[PDB]
Amino acid sequence: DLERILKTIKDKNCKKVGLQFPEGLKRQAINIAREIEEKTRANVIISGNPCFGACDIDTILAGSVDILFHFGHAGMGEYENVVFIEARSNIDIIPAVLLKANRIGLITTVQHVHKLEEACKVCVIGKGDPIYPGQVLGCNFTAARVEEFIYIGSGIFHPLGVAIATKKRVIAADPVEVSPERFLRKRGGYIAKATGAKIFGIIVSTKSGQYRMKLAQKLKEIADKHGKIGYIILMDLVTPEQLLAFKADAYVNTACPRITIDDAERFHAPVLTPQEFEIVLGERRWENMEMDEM
Amino acid sequence: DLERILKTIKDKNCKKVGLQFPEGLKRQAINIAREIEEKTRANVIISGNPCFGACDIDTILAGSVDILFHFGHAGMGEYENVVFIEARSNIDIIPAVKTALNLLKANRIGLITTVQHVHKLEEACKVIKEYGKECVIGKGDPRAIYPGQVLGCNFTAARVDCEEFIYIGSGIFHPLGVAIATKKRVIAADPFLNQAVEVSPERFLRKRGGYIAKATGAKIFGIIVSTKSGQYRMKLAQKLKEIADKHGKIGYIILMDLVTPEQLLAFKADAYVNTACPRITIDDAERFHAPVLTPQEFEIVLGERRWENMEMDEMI
Ligand SMILES: C[S@@+](CC[C@H](N)C(=O)[O-])C[C@H]1O[C@@H](n2cnc3c(N)ncnc32)[C@H](O)[C@@H]1O
Ligand SMILES: C[S@@+](CC[C@H](N)C(=O)[O-])C[C@H]1O[C@@H](n2cnc3c(N)ncnc32)[C@H](O)[C@@H]1O
Ligand code: SF4
Ligand code: SF4
């Protein structure tokens, strides 16, 4: 893709250029900056912060350069001077493509979204929202709002999320039939532990696509409506170290919902999704359990 | 303390209040928020990021609240709605001063300290003069507000006419910097242990000499800039990138908030130049996986500064 970047800089005669990478790709940062500074007149600034997705735009860097190039993710939101360099996986998914139903849904991650159209020939792909048909995220299952499901990729969080959010069967094909019962007992365990919690830290992230302050204020009032207390804690990164310093009984995460699931055993008090918080408080019934979405 | 905060909230009729603590005081955050929300009508938001000092204001939070209370440090900069609740310690420092008087060899003495003892420096100065000596307290600047106050990144209070210094406080980084910055003898007097020692910059400079040597064969540098409110040095970084190119090397500017070993390891640079908090360079040296240099040590490595022309990295 490096030639589109060079052409975009020259054609826009960019003078200052920002680069932002997911963790998996910062190993390439210095080489890409080298190519740009050698083959253009632009000066490069690399973002040095962790970056977890298109929900995590370095907007400070973006407001300092003519164009910020953000790698590894499909776009999100609308910032005038951020270009998303997608970076797709070249692997073949047709080997991976147990079913029972006649209408079968395709869902995947951004790295394979270009390959759905022909996996479909081998069926209705689900259109998303503000990106691609069939794309799901840890925080967004719109593409699954379309009888059974085949997910394409690695990891089990995405198929689980689809299975919980639509209550349909999902086959997970890496390039496995997904059981959400193991995940729901787990989340049940955290709800039980937090049932006797009296004081809650309500986590809000300033990251560009993870900020949910209005929901946090709602959650604070719902806690007080039920004779408990939540204090809003505003931060950038959400980490077990930073939550240990505040002496709360339990936490409610309104930032990235995969923090809540992935890094669960790593936190030293219970960390809850908004919806599990409501169940702990008595505002929502356990049967009305849903995936945290943004 | 808490009475000042409550009064300020009621005098200024605040509805949204922010709290920011250094790491040692986040343990009190919830208790202080509770007190505020029970005794006022205000809603509290607590900053959850690391906070390293008054150089590290949570300006996103401050731009979201009527007033941000920032704890533990003396003020710095000029932020319209930030109130600094400083960390003042009540330990008697005069016994440490007396111990340090044993060690002096000159009659004209400078006094410096950290923020938690600046209110007692005038009393120390009186005792030192009562014991036959001349004594002076240097004025700070817009960064080190109080007379006699030094920071890891600011030794202006030490730029005074005196023969030797007494530093009052714990740790040895501050008197080391004063010793290196002034070329004068420094006695470090710790009021909590009541001991005085003569600081020696030799082990310090031998250590810094070791990192310059490792970075001397470096071809590619990451030049680190922090977006923190009082640590941002982009113009300097742009200068150092040009200076590297002038000398047949390459520096790439890397803009970040926290500067940590994990973040520096993700980039394939041979070495780094840190224009953020100078104490990162010193304290965390052994933890980084490539050499990290001060701006001035960078100039040595490149050929812009004699290797003995060694100065402390200061924020100014
Ligand atoms: C690795 S990304 C997942 C990839 C992709 N974003 C997706 O939609 O599935 C999710 C991980 O990023 C990290 N993460 C996301 N937002 C974070 C935040 N605000 N603070 C700290 N870690 C965060 C968490 O460790 C979480 O497990
Ligand atoms: C302990 S505080 C210093 C307290 C006081 N401000 C002073 O003048 O001495 C300095 C430490 O904070 C950490 N620190 C400061 N700024 C930082 C930054 N931008 N990123 C990561 N760590 C930082 C470094 O580890 C450094 O050792
Ligand atoms: S799952 Fe988390 S990291 Fe991925 S897009 Fe959603 S908020 Fe960002
Ligand atoms: S030494 Fe570092 S942490 Fe202390 S005031 Fe200076 S920049 Fe901030």
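Side chains included, hydrogens not; waters and symmetry mates left out as well; all remaining heavy atoms used. The chains referred to below are lettered A, B, ... by the order of the sequence lines, with proteins before strands, and numbering in each begins at 1.
- For the pair B/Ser47 and A/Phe246, the tightest heavy-atom approach, listed with the atom from each and the gap, is O-CZ, 3.6 Å.
- Counting heavy-atom neighbours within 6.0 Å of A/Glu265 CD, excluding the residue itself, gives a total of 12 or less.
- Contact of B/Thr227 with chain A is made through the side chain alone, with heavy-atom distances under 4.5 Å.
- Side-chain atoms of A/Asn49 never come within 3.5 Å of backbone atoms of B/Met256 as a donor-acceptor pair (strictly under, hydrogens ignored).
- Here the closest non-hydrogen pair linking B/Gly48 and A/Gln242 is O-NE2, 3.6 Å.
- Proximity to chain A among residues 234-242 of chain B is limited to B/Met234, B/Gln238, B/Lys241, judged by heavy-atom separations below 4.5 angstrom.
- Remark: A/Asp249 CG to B/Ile30 CD1 distance equals 9.5 Å, nearest 0.5 Å.
- Between the OH atom in A/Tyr231 and the CG atom in B/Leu19 there is a gap of 11.0 Å [rounded to 0.5 Å].
- For B/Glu262, no part lies near chain A; criterion is any non-hydrogen pair under 4.5 Å.
- Atom CZ of A/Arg34 has more than 12 heavy atoms from other residues, nucleotides or ligands within 6.0 Å.
- Interatomic distance, CG of B/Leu61 versus CD1 of A/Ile232, reported as 11.0 Å (0.5 Å rounding).
- Proximity to chain A (any heavy atom under 4.5 Å) is restricted, for B/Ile220, to the side chain, taken from C-beta onward.
- Atom CD1 of A/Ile229 sits about 6.5 Å away from atom CD of B/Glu38, to the nearest 0.5 Å.
- Atom CG of A/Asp58 is separated from atom CG of B/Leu255 by 6.5 Å, given to the nearest 0.5 angstrom.
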